[PDB]
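J.: So that we are looking at the same thing, I have put the structure below in structure tokens.
All Cβ positions, even for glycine, are placed from backbone atoms using ideal geometry, and neighbour counts span all protein chains on display. FYI, it's all coordinate maths here, none of it is from the lab.
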Ligand SMILES: O=C(O)c1cc2ccccc2cc1O
Ligand SMILES: O=C(O)c1cc2ccccc2cc1O
């Protein structure tokens, strides 16, 4: 039962997450079932990870085949899946200069790799945005712009300056010839699906290039085609110096990547970085399968179409609790006129939908890219009652 | 072909590992096969990760079963495998106070969690050993005692003091009432399987206890039953405040853990730490299978028995290049009288064996716990010619 599972959790787990309110038993596609038999339509994807939902046959096949061929070896040895995955990610980025890949296990680790890259420029100053999220390890936590998550762990590694997200003048003023790198999410996810103004990413690219700073785009949450281009920054026609990926990269299997373009790709020399599990054949095979399905089923273009319709349906409700809808593709935020997002998360759960109160007044959606339009339509139809009950 | 695979590696991978000398295509048990069809007996286990070797049926079964049931959910939801794994790990530690578990993806992340735990004591000073290896992310790299690997990324998170490993009075002098934590490997793996003097870990436990500092034992490489006890520190009759695990924990699947005992288990409160993939059902299911097999097949005792026989066999060779063999169970270092370990790595490869030159004069072995006695016997018999060819 849910009570029994929660009691077991509380007896053994550290309390860094609190106690989960529901205990899940099974999942298939975009539908999960708790241990008491209740079903839920998953509009959150385990926080943007389950790009292909649960039990996707291509991921299952890839993992099973690879485990029956060759498992972990470490990077003392070259293995096919990681090399092929690196080739595919480089092709997807489409940079004009040579691009090189480092594999790791998580978004924090990918940003730690980028942090270490920035040190090799000879500069130690870094710029990120207030309310940005880049991970929880000591280096990535310094880049994260969330004082609540940071101050108990001070001092953090330096020297980071945080500026208002989307503020071109503030960014131009903070970046100078001592700035190693600027880290930006193309849409701030954890903060509440905060989309920057038109032209902001292009300004960031110009500012950084002019001052010799690396532009690092954290695509851990916005990548994997979620916004209707493989990398969200591709909507703005820029090429950053470094891109980080994780979350949906392995369709559920733990894997992250740091891609570096041009001179930044040559900064790491032998012995200067590594990760034991990085690039392992099983997780790389899963990620290769995810890329294959995204391509074969046209899921990147589909995410744009479904997200546009979803945004319009929510806006068409005219519900007084909804201030506006924001995001792109299948990363969407419902900004509320009053801080009832946590209550709306609960009432959505009662109605069988998994959503996220990303901020007191923002409901975040990040559904599997395989979600059916009917499931999105059903959520839109359920939303007025969900919101009425929240207040 | 090896040349084509290595050329593909060099075209796309960052150069932080150099270029691997061989490309592996398949593995089964303790035997791996390269792309040219050559077989090698794996005495390194992918750097102590493949505790059950490749294609172990219990791991394959657990992973395939869980993938066909429920994949990643995130820790917004309670799920069975992670809870059960935490329960099993707490039982194996056998501490007398309540122990709590945090899951992550890697050894670096496990030590980052411990690093952040130590911040919550109210102190910022940390002590580790010269030549210790604790990971490559910014926080874990500050603990790692390798200036050549740390200097390029300075400044690192503070305030860390390094002391000579095994030196009781040096540790006592460095630990004071401002020390948050001492980090120690029970045997220094990366440095060359450096075993501390008898009583040293117990002295570290006493020194930290008297000064109010946490004792953090990094069992990422020494754990998983490799030394003949589940945790290597259990040979010494102490209970640390924090234990970190990774590498072999998932039999190859990426997973790490931070266990904290007593008051240290309560430091992390809701929202203060997390990892998206941490505790996911698939990797936790693999780890549970590893624990089941270690117990059912008596592999922890087997590691002690085979380790003793292996050490005795190598020493019985009376080879002039071998100074001594050190370590415990199936973590062994062959310490040489001259710096030919790197050459011996290549000549061992020529003879069909994968070993590691951990230091210029130390060959490290960490074979799967399922390795055949005859596979070890063949290595010992081949070792004289391997060393003669190396010189
Ligand atoms: O994790 C590491 O730091 C690492 C470094 C290497 C350095 C040279 C070759 C292989 C390596 C494999 C690793 O996992
Ligand atoms: O990685 C995190 O920081 C994280 C924090 C949580 C905090 C509360 C509940 C669930 C959470 C899940 C996460 O992955």
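J.: Summarise the partner chain shielding of A:223-234 as one whole number: the mean count of Cβ atoms from other chains within 10 Å of each residue's Cβ.
T.: For this peptide, the per-residue mean of nearby foreign Cβ atoms is 0.
J.: Same structure again: Across peptide A:81-88, what mean number of C-beta atoms from other chains lies inside 10 Å of a residue's C-beta?
T.: Mean number of neighbouring Cβ atoms from other chains: 3.
J.: Give me log10 I(q)/I(0) at q = 0.15, 0.20, 0.21 Å⁻¹ for segment B:1-76, Debye formula, one equal scatterer per alpha-carbon, no solvent.
T.: -0.75, -0.96, -0.99
J.: In a Gaussian network model over chain B where Cα atoms closer than 10 Å are linked, find which of B:11, B:154, B:30 has the largest mean-square fluctuation.
T.: B:11
J.: I've got another one for you. Which residues does the label zone of residue A:391 cover in segment A:338-370, counting backbone N under 18 Å from a point 7 Å along Cα→Cβ?
T.: Under 18 Å, as judged by backbone N against the label point of residue A:391, lie A:338-348, A:357-364 of segment A:338-370.
J.: Which distance in Å, rounded to a whole number, links the C-alpha centroids of segment A:1-73 and segment A:120-163?
T.: Spelled out, the Cα-based centre of one part sits 30 Å from the other.
J.: What distance in nm lies between label points placed 7 Å from Cα along the C-beta direction at residue B:91 and residue B:337?
T.: A separation of 5.0 nm, rounded to one decimal place.
J.: Here's a follow-up. Roughly what % of DSSP beta bridges within the protein assembly as shown run antiparallel, to the nearest 5?
T.: 60
J.: While we're on this one: With N set to the residue count of segment A:87-159, report its C-alpha Rg divided by 2.2 N^0.38 Å to two decimal places.
T.: With N residues counted in segment A:87-159, Rg over 2.2 N^0.38 Å equals 1.25.
J.: Counting only C-alpha contacts under 8 Å and six or more residues apart, can you give the relative contact order of chain B as a whole percent?
T.: 21
J.: Regarding the protein assembly as shown, what's the average projected area of the Cα-atom convex hull, expressed in nm²?
T.: 29.9
J.: For segment B:60-296, I need the span (max minus min coordinate) of the C-alpha atoms along each principal axis, in Å, sorted largest to smallest.
T.: 54, 36, 35
J.: Another question about this same structure. Evaluate peptide B:110-117: per residue, the Cβ atoms of other protein chains within 10 Å of its Cβ; return the mean as an integer.
T.: 4
J.: How do A:364, A:119, A:292 line up, fewest other C-beta atoms within 10 Å first?
T.: Ordered by Cβ neighbours within 10 Å, fewest first: A:292, A:119, A:364.
J.: Sticking with this one: Return the chain B residue and its Cβ-to-axis distance, rounded to the nearest Å, for the rotation relating B to A.
T.: B:105, 2
J.: Using only C-alpha positions, report the orientation-averaged shadow area of the convex hull of segment A:142-219, nm², one decimal.
T.: Value for segment A:142-219: 5.2 nm².
J.: Over all directions, what mean area does the Cα convex hull of segment B:1-45 project, stated in square nanometres?
T.: Across all orientations, segment B:1-45 yields a mean hull projection of 3.4 nm².
J.: Can you list, shortest first and in nm, the gaps between the label point of residue B:309 and those of its counterparts in the other copies, using a point 7 Å from Cα in the C-beta direction?
T.: Taking the point 7 Å beyond Cα along Cα→Cβ, the inter-copy spacings are 6.6 nm.
J.: In nm to one decimal, list the spacings between the residue B:391 label point and its equivalents in the other copies, with label points set 7 Å along Cα to Cβ, shortest first.
T.: Its label point is 8.5 nm from the equivalent points in the other copies.
J.: Based on the alpha carbons, how large is the Rg to Rh ratio for segment B:235-391 when Rh follows Kirkwood?
T.: Computed over Cα atoms, the ratio is 1.07.
J.: For chain B, modelled as a Gaussian network with Cα springs under 10 Å, which listed residue fluctuates most, B:240, B:197, B:186?
T.: Of B:240, B:197, B:186, the Gaussian network model singles out B:197 as fluctuating most.
J.: Treating the point 7 Å from Cα along Cα-beta-carbon as the label, what are the nm separations from residue A:37 to the other copies, to one decimal?
T.: For residue A:37, the inter-copy label distances come out at 5.9 nm.
J.: Residues in segment B:358-391, backbone N under 12 Å from the label point at residue B:309 (7 Å along the Cα-to-beta-carbon vector): list them, ranges by number please.
T.: Taking a point 7 Å out along Cα→Cβ of residue B:309, the residues of segment B:358-391 whose backbone N falls under 12 Å are B:371-378.
J.: Roughly what % antiparallel, to the nearest 5, for the DSSP beta bridges in segment A:60-296?
T.: In segment A:60-296, DSSP labels about 40 percent of beta bridges as antiparallel.
J.: Using r as the Cβ-Cβ distance of residue B:374 and residue B:178, and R0 as 60 Å, what FRET efficiency do you calculate, to the nearest 0.05?
T.: It comes out at approximately 0.65.
J.: What number do you get for segment A:1-129 when its Cα radius of gyration is normalised by 2.2 N^0.38 Å, N = residues?
T.: The reported ratio for this selection is 1.44.
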